[PDB]
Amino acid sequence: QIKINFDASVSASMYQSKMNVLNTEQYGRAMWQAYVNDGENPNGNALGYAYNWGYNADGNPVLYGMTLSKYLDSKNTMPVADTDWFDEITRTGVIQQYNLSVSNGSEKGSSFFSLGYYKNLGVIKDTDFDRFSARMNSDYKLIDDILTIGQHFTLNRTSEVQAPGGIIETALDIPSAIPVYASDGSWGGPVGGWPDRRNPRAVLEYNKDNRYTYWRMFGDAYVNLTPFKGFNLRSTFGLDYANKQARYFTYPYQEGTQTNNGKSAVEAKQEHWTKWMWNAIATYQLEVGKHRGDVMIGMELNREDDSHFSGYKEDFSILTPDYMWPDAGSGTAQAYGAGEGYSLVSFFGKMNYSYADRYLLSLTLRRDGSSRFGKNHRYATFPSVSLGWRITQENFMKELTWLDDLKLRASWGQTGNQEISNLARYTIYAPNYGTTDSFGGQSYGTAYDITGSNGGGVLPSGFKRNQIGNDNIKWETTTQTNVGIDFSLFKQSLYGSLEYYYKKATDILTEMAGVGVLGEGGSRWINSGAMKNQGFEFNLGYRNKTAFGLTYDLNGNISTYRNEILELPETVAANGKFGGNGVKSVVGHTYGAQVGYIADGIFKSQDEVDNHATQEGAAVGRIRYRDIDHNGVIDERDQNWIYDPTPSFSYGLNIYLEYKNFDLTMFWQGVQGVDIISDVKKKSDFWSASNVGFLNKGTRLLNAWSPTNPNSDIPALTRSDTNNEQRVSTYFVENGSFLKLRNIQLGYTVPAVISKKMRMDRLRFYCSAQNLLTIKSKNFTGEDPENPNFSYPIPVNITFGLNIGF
């Protein structure tokens, strides 16, 4: 009995939204607006905008209009544009994917063979990804129902070019006035006082050759042995090897003010990741008629080592990847590399018992060890008992009818968290000579020309503290007590459940930064405090059929939980980190709760300013912050609890429809009544809320309160944030309630009597779409409310596909 399973998928992917930025036109508006608002002359701007403007009879300023020269440039080398910079670096995406699998199974042995291909032209320009894979599984019965040895194997090859770090984000604060290409059709960029930021599209080109290649083998071999009846121990060993190589080309560039001084260079990177596992597991089980058991005992070792190293060379005579290998360099060089590793051991065991399919029970104990910790606390033991009671099966609730199943579970299960830095426990000193790039300085290098020779050779090096160690660190423990009800009603058409969890985490591991006097390297993995997390979930569905063969199944979900911090080292509550922004200790509050000032709108009147408490940079048009002191000054004590990321509740619903061979299925997820806090509003609502001047800004600051536009919530435009508008305020909290069609999928299934005509069994086409539409609240300023720190949404997928199945 051989089975063949073929699959295929094209998928298109598009951005459907983004934070609207300034036109080259609007930009000139806003800059002028900020200039006149601040009462300084908007024709002494450094960007070359020409304004003609005047007063609107009430005596207020009005813009009449705007002329730029043809070139941004004293020498006509760079021309003004209206670059839609996000559109220049964006593409539609297309995914192609195929998967072929053959499966022979004998009553002696069996074997599987897969072969897949995936190729993903990305939604960014000059970035792709593809991936071949082949699976080869098999097993062999060497004695009839007594002894068997098996294997599992998978092989992958992968090739990508990647977007640099946040180009999209760099693509939205580059002014649209900057032209992609310059006059000669070279690459274009800033000039003069225009903000110092490199043409995203240029970057994407210069980076189109930085491609890596990655391989992966993983799988296991096992022998399963079964002496006499109902008992079988088995051992398995498995491995996982991976390797990543790439060359990273630096080419030169002069793009206006954006120079590189002609530096060329390549870095060849290599990375290896090697993991292996061996276990052994005995499993007896009994069943004397009415009485059932499962006992299980085993142990499993794991070890991971990984390492990475790098060769970097400067100065090439031919700016291509054929010539630009390190051997061909003619300038200075650098080498880099290191490795880390860890290992884990696990002894364990399982209990399983039942009566006449009625009163059940299971126990589990396990002892876990980890390389990460000192010898002091290296192990720790996690017990876990759960029991259940299928109650319709009881010999008295039998009449009942209408209901067909009703169980009643209850868990109490400890569990361990170990995932931290492999070097958690050491005061680490490293000999940072200074061989490595760094933005702005801050090398943190141990080298120094002690002789005063300006150098010309190797320099005295040293060591430097990267961390402080705690040899008292230990595991983290989550005690999760569970309780619920499985149920199923009217002729198995009404089903659902009803749980109540209560997780409780103890000795939570984070890495704490240091107090500032402690100085460099003060930073260490501590266990700090505990936290509670208990809620209620509810699932319920109805499925049925109709006369006109319509089968449907609506399954819904409603979730709700609360979360509280129970205890924090004084130093750790005092510094924020879990909330309270270092004004208010977060104990007895929700994990991630924040604290800031509360914003009472805009001053619309010198009187509003005057009979308001003293505020530093308050004037008409600035944000009015309230006096929770009620003491007449605003200082810094005037701030309470303004953010709380716990949802009020969360809900989901799945839909399945079947009719006349068709196959429809939708998936809706949502959350009601959450808060959200973001930064994006420093880019959409102020000229002057960031460290670098003149970057491109959002689109709703055009709606800024002004004489000529009162009754606006967005504060006025100014050249220098003097009301400290960008303090932590309710301004930056919005409602992120939402509802999101996730996936929706239609499918046609060729009827079986004519699929066989061309020799098949299951032939089905389908169309799907992920991330289709969202529904936000009117109080949200936009771009996917469940990731509010992004000025762009997740891109939409649309997929055509078919699943053949001879």
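Residue positions are given as counts along the sequence shown, with the first one as 1.
Taking only CA atoms, the mean B-factor in the PDB entry is higher for 559-567 than for the other of 237-245 and 559-567. Stretches 688-696 and 142-150 differ in mean CA B factor, with 142-150 having the higher one.
Considering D449, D721, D294, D306 together, the PDB entry gives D294 the largest C-alpha B factor. Ranking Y253, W389, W705, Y336 by the C-alpha B-factor listed in the PDB entry places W389 at the top. When all modelled residues of the chain are sorted by CA temperature factor, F538 is found within the highest third.
Annotation for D404: C-alpha temperature factor in the highest third relative to the rest of the modelled chain, per the entry. Among the modelled residues of the chain, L22 sits in the lowest third by CA temperature factor in this PDB entry. In this PDB entry, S69 carries a Cα temperature factor that places it within the middle third of its chain's modelled residues. Split the chain's modelled residues into thirds by C-alpha temperature factor. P431 is in the lowest one.
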